[PDB]
Structure formats: structure tokens, C-alpha cells
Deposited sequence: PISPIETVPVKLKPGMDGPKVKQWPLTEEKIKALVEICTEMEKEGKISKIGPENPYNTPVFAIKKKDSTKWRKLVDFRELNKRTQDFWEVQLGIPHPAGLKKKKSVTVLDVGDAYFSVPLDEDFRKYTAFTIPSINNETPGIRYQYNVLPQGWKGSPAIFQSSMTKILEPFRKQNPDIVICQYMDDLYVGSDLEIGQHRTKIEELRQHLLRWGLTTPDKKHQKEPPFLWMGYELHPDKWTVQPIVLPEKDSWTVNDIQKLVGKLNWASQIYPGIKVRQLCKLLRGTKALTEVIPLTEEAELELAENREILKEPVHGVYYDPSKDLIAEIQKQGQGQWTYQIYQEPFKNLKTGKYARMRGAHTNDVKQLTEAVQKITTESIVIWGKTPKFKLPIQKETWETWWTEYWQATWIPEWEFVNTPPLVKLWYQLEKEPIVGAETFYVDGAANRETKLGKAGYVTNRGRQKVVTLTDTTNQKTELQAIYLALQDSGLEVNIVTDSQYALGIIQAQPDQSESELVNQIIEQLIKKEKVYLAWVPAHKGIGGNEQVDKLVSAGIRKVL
């Protein structure tokens, strides 16, 4: 079962040499075992056998399947090749076919010729209480895969060209063939293909010995016209361990994409303070009620369809809460191709709108991979909202063709600072300062209306104070307020209308800001002669 395809030229990483590790003694039952098995590989097509030349010993232990090797060293010293599998084909990107067959090309590695000037660098050793090398791609070797694929890739080119309506997909030691030919028509080409791969040493299984739909995928159950979320159910446990929860919460998270509604906030709770992975944790009632309610959900599986080039792509989104979004792409309403959820945190600043934007951006690229197209978007945001937002934002932002959808809750702007001072509205001259080293400071205000205030702050920083000043101002002030400040940092923050932060304090302010009728914020240079900021 050898192949007459020209080997690819393999080199050892420059400046390095073939292995020299030692072979470790073995039972006599394992000696006489590898002995009479190698004898096989030899007459066949695999091994050769050598002597004192090419002293590149490579470990050769044996374990039974209740011969084998280890090139760890070799591998280390072998060059690098190209990206074997920059990512796996996700179901939503497939089109329905009339018939699908998969050909397991098992020992295809060993069917491919190795680079002769390289075989050298492969050596054996079998102590009799007997030294070989390789001539074909060996199980475990760095380049076997990348090479075998490539080989396969060429071998298929003609056929693929001659039978264009036939879609072959290569994955590991497997071939995925689909088509829109009536049955017998398909079977025939399958053998044509199969006998083609055999006209090259790569032997495959007879239709009598082949795999049958549906097929299991990235958790999917695949049929020629429909895919189904391989139903899943959590275990009923009497004693829950740390690791257990971790794994559950993990498996639970995966699911939430397909079955949005799944929750784990109360399980994640169980992990707080864990002393050891093997620890056993009690189950909050809230914790049980979640498990049960989650299991109800994970009951009725999910049915789906494939991608019809003919129809356009639609992606719609909803905000499951603050910063957590749910999306579903499809062509025929309710005929979902894909569904998903994202739930991101942040830094000193963010707002639903921009977050919505980021979701969109993700979906796009995700789509571009799956369909090489970006879907039309159905966004729970008013055009005016979007409009007034982006045209004013400091950063460059955009959204491909999208269209509003009144599917509350809608993402809106929780507030908007005035563009000019509010006439007849108090004017606070906030200012904050604290001694860097000693976390302790003060921060107060003084209005044109002669109102005043200042609080001492035990344990704080500068910005915490500045922001605080501003917070104060906001607290006691009224629906209309003018606030001058010299905080470079504070300016930006607020400026950018954030509606969610990591800082409780910032959040504090955000609430306040939301609460007021009209708020104008002004910045002025620090420590100059500028009044208010002077007194």
C-alpha cells in the first residue's frame, strides 16, 4: 500500500541534528513482541532496517491494544511547515446535499512516501533481553499531517475538477463527500473517487463497510437537509465537587449559545473560596432551582437548516441584559442557521451603543468566515439614536447595512451632556485632591449661588477624588447643572457618555447623570488663575 507521489523536501531546523536519545530496556515479552511485528512493517512498505550508519536512536517502547515509537526529539529538530487547519468548518456554512458519505482513510499516513534524504533521521533500537528507520510518514512525526494533507490535496485536484458538483472536504484522516446526484448516481462516483484514491496507494472502505448519517460534528448531529443540536443532558449528582461544578458550568456555558435562557450565575457562586479541586460543595436552593430549570431547557433539542446561496443573510440581535447580547442568523424566519451569545466586561468606560457595535463587528467577521458575506442586520436601535450617537463619537465607528427592529428592550442613550452652559442653572466649580502617597484627600465644590461643600477622604487616590468632586456636585445640585472641572482624565470619561463602568464610583456618577434634566460639563486648565479652580 505504497504511493507513487513525489515526496515533499523536508529539512531539519537549520543548525541541529538528528536525535541521539537512549532506548530503555524492556520485558522479554515486549522484546519478542516488537520483534515479530517489525518483521511485518519491513517486508511491506514501511520500515527498512539499518546498522552503524545514521546513529539517530529513537525510543521504541511497546504497549498492547487492550509496535510504537516516540519522536519527541526528532520533532523538536524537524523544520516547521504550514498551518494544518486554521479552523474547523462550522455547520451553518454548509448547503444541503442530496447524499453524503465519508471515507475513513485510516492508515493513510503510512501509505505516503517520506523524504529519502530524511528517512535517515529516523532510527530504531530493540534490545534482545534489530535497528530500523522509516520510508513513509510515521505516526507521531511533526510533518506527517501537513504532508499527508497536501498529498491528498493534489491527488484530489483532477477529480474535483472533473466532478465539480461533488464537494469533498478533508479533515484529519477523513474525507467528506456530498452532492446533489440521485442516489445510485452518487454511489457510483463515490467508488469512482474511491478507486481513484486507490490508484494511489491510499486504500479506503467499501460501501458495505462505511459510515451512515446522521453524522456527529462539533456537537452537531448532521443530516443531508437538517442539522440537530446533539441533545444533551446534565448528570443527576448526589455529591458535587469543585471540579465537578467547574466542568458543569463549562458544559453549561457551551449550551447557552444554542439555548439562550441557560443561566449559571448561581452555580458560578458555588466556586467562591474553594480550597481544593476535589472539594465537595453544598448546593444552594437557588443553586438547585437553577440546575433543574436549566435541565428543563436542555430537554427539547434544536432543529436547523443549512445555507442557501440563493437567499440573503439576516442577523438579528437582542440585549439579554447589560453587555450581554443574543443573536441569530437565518434566511427563512425561524429557520436558524446559527445562534449565539456574547457577555463582555470593560474598562473605565463603555456604552450599550458601542457594545452593540462590537457585537455587530464580531458577527460580521464570523459570517465572513462561514459565508464570505456579511448579513443584513436587524438591530434593536433607532436610526436617530444611532445617528446622533456616531456622528458625535470621537472614535471612528460603523455598521454594515442594518435596519431597526422594535424588539425591546431597545439600546438607547441614557443621557447627553449639554453642548453649552445651561442659563439660569447652578454653576459648581468642583475640584479634587488627595495625597498620592497617603490615601487620604478632600474634594468639594462652590457654586455661583454661593453653596459650598467639602468632605475628607480617608484612603483614596487623585482621580478617585476628582471624580468624587464631580459626583458630589451631582448629588446635591438639581435637574440642571453646570460643572467646571480641571480633570483631564475625568473630562474624557464622562464626555464619552459612558453608561457602565468597573468603578462603582464612575457608576455612581452615571446614575446621577442619568437622573438630571440637563448637565453641562466644562473643563478648564489646572493650577492657573482661573476662578473657582483658584478658590
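Stretches of the deposited sequence absent from the structure, as judged by C-alpha coordinates, are 67 to 72, 136 to 141, 548 to 560.
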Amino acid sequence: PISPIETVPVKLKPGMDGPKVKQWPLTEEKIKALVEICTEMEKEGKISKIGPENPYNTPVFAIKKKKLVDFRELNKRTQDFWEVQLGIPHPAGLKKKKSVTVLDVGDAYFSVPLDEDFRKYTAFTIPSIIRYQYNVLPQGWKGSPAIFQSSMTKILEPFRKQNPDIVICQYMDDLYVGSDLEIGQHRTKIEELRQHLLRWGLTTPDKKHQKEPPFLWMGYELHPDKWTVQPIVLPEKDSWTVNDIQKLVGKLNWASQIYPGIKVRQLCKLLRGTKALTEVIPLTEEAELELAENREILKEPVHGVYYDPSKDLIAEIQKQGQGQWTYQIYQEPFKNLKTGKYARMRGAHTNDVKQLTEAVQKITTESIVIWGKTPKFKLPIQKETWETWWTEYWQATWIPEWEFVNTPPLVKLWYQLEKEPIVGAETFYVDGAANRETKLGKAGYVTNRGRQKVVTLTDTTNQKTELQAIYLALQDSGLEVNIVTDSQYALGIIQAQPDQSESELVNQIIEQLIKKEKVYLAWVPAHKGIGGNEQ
From here on, numbers count along this sequence of modelled residues.
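Once the C-alpha B-factors are averaged per stretch, 8 to 16 and 513 to 521 rank with 8 to 16 first. For the two regions 378 to 386 and 107 to 115, the entry's Cα B-factors average higher over 107 to 115.
Within the listed group 192, 300, 403, 80, the record reports its top CA B-factor for 300. When the Cα B-factors of 221, 225, 420, 459 are read from the PDB record, 459 comes out highest. Residue 468: CA B factor lies in the middle third for its chain, per the PDB record.
Residue-level temperature factors show residue 173 in the highest third of its chain, judged at the C-alpha atom. When the modelled residues of the chain are ordered by C-alpha B-factor, residue 354 sits in the lowest third. Annotation for residue 475: CA B-factor lies in the middle third of the chain's modelled residues. In the deposited entry, the Cα temperature factor of residue 157 places it in the middle third of its chain's modelled residues.
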